[PDB]
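Geometric and topological summary
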Amino acid sequence: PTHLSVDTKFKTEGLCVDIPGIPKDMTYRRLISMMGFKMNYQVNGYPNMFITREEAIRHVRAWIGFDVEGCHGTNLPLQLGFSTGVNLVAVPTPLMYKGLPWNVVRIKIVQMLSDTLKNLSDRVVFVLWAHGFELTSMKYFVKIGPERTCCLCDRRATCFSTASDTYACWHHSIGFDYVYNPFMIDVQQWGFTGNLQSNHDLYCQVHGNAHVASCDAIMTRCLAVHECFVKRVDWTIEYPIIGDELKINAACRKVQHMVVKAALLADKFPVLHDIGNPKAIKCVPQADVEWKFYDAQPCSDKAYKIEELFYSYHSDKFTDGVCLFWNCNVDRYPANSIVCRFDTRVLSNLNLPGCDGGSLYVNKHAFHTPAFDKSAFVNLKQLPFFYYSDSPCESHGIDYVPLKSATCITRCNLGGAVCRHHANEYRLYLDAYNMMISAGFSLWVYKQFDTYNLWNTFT
Ligand SMILES: Cc1ccc(NC(=O)[C@@H]2CCCO2)nc1
Ligand SMILES: [Zn+2]
Ligand SMILES: [Zn+2]
Ligand SMILES: [Zn+2]
């Protein structure tokens with residue numbers, strides 16, 4: 001059940017305006033054949049150019065929406081549009097490029113895919129709403145064959161040079177002219193009614209349509225993301241480490257303990273309401289407080305309505321004590337909240353563009369996250385950086401400069417001179433906090449929150 005059988009049927013109705021008279025009965029086998037490629041009865045780890053939904057979801061970091069539009073079929077110029085917002089015009093002789101032959105166009109295609117994908121994926125998955133020209137245009141920039149390895153590293157090969165007769169991965173592909181063993185999924189096979197725009201625009205107001213190839217390419221990928229990650233969710237699917245996943249996750253746990261520990265010391269709430277992950281543990285297990293959990297899965301579509309989370313009658317009294325929302329995205333936090341909220345606008349290898357302003361954050365699991373909205377935080381303020389330790393000043397077992405900081409809140413600093421232990425810990429905590437922030441996480445707190453209140457927790 002692993003790969004998509006070439007003997008599987010392919011619904012051709014989508015193709016019959018670009019390809020009038022196309023048989024209603026077709027396999028992948030005959031489609032790949034008609035696209036001008038030959039699989040050659042090949043057991044060599046590339047059984048089909050086309051892949052399952054399941055496979056496409058494991059390989060989401062690899063998704064590039066692709067669309068081709070006639071300009072005036074060997075006769076006429078072709079507009080090539082990618083979900084990177086690029087358009088190339090190929091001649092048979094937002095970014096909008098003038099008409100140029102295939103021999104140069106294929107070079108630019110390799111450079112674009114390599115720069116976009118080298119820090120994301122080992123492959124490309126062309127995400128299609130297939131009408132004909134996209135499929136018949138592949139012969140001009142794609143070569144297939146047995147799975148191979150990069151000529152300069154152990155990475156699987158994604159590109160091919162006709163100049164040197166060699167193979168490269170995305171990192172080593174400079175000057176290569178062919179996409180090598182790409183993958184593709186036609187979204188129109190999934191069983192929709194009506195065209196791309198009518199389907200896309202059900203879910204998403206953020207991508208317009210200027211009637212240009214890059215726009216459909218963007219809408220195709222967006223609709224695909226909606227289907228696979230918003231409406232359907234799957235937290236059993238794992239995803240490989242490609243960046244600072246582990247450091248970020250650790251950072252997140254250290255900042256959550258720090259911020260909540262201090263909140264309790266400063267304002268001594270009698271009850272904390274912990275709203276979100278139904279797996280959550282007390283992030284401050286020593287704290288005096290009544291710790292009450294409330295279960296809420298990460299909202300992949302629209303942010304939760306605080307009205308529906310709280311009212312309908314818990315501690316019932318959510319206005320008692322403090323509410324901890326740690327990546328539990330609501331429309332408007334109450335005034336007595338500690339909040340961690342993912343900023344969907346961050347640029348990183350972990351954050352992929354999503355649906356209707358949301359982003360798809362892929363760190364071990366894929367989490368589609370609703371658009372970041374500043375108005376949710378109106379009852380709060382941004383939490384300032386600080387470091388709080390009540391740990392003893394005792395070094396144990398760094399090469400040092402004395403730390404001076406107003407935000408190192410320790411006995412040693414109170415006493416005039418920060419000890420070496422607290423300077424090592426302060427600098428590790430600040431590095432973790434910077435990691436987490438640049439990963440796109442933002443921190444918000446009740447307005448009464450004042451780190452001045454922490455100093456008298458030593459006397
Ligand atoms: C990708 C692809 C798929 C099919 C075809 N062509 C056909 O099926 C023939 C030619 C005219 C109608 O029947 N060409 C390209
Ligand atoms: Zn390589
Ligand atoms: Zn969209
Ligand atoms: Zn100290």
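Residues numbered from 1 in each chain as written, not as in the entry; some residues may be left out. Chains lettered and ligands numbered in written order. Heavy atoms only, no water. Residues with missing side-chain atoms left out of burial classes, pairs and counts.

What the entry reports as its method is X-ray crystallography, with 2.0800 Å given for the resolution.

Per the PDB entry, the recorded name for the chain is Proofreading exoribonuclease nsp14, and the organism is Severe acute respiratory syndrome coronavirus 2.

The zinc ion (ligand 3) binds to the protein through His200 (NE2), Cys204 (SG), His207 (ND1) and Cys222 (SG), with metal-donor distances spanning 1.9 to 2.3 Å. Of note is the zinc ion (ligand 3), whose 4 donor atoms meet at the metal with angles of 95 to 121 degrees in an arrangement that counts as tetrahedral. Of note, the donors binding the zinc ion (ligand 3) are all from one chain and are spaced H-x3-C-x2-H-x14-C. With a relative accessible area of 1%, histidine 200 lands in the buried category. (Donors = N, O, S within 2.8 Å, 3.2 Å for Na, K, Ca; no water. Tetrahedral: all angles 85-135°; square planar, octahedral: opposite > 155°, others 65-115°. Buried < 20%, exposed > 50% of the residue type's maximum accessible area, 1.4 Å probe, protein only.)

Turning our eyes to something else, we now look at the pattern of salt bridges. Charged atoms that come close allow side chains of opposite charge to pair. The full count for this structure, using the stated rule, is 14 salt bridges. Residues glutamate 245 and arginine 61 are paired through a salt bridge, measuring 3.6 Å at the closest nitrogen-oxygen approach. In this pair, the class of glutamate 245 matches that of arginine 61, namely buried. For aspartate 356, the salt bridge goes to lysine 302, with nearest N and O atoms at 3.6 Å. Taking relative accessible area as the criterion, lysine 302 reaches 47% and is therefore assigned partly exposed. Counted as one network, the salt bridges with shared partners bring together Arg53, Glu227 and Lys231. (Salt bridge = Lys/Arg side-chain N within 4 Å of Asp/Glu carboxyl O.)

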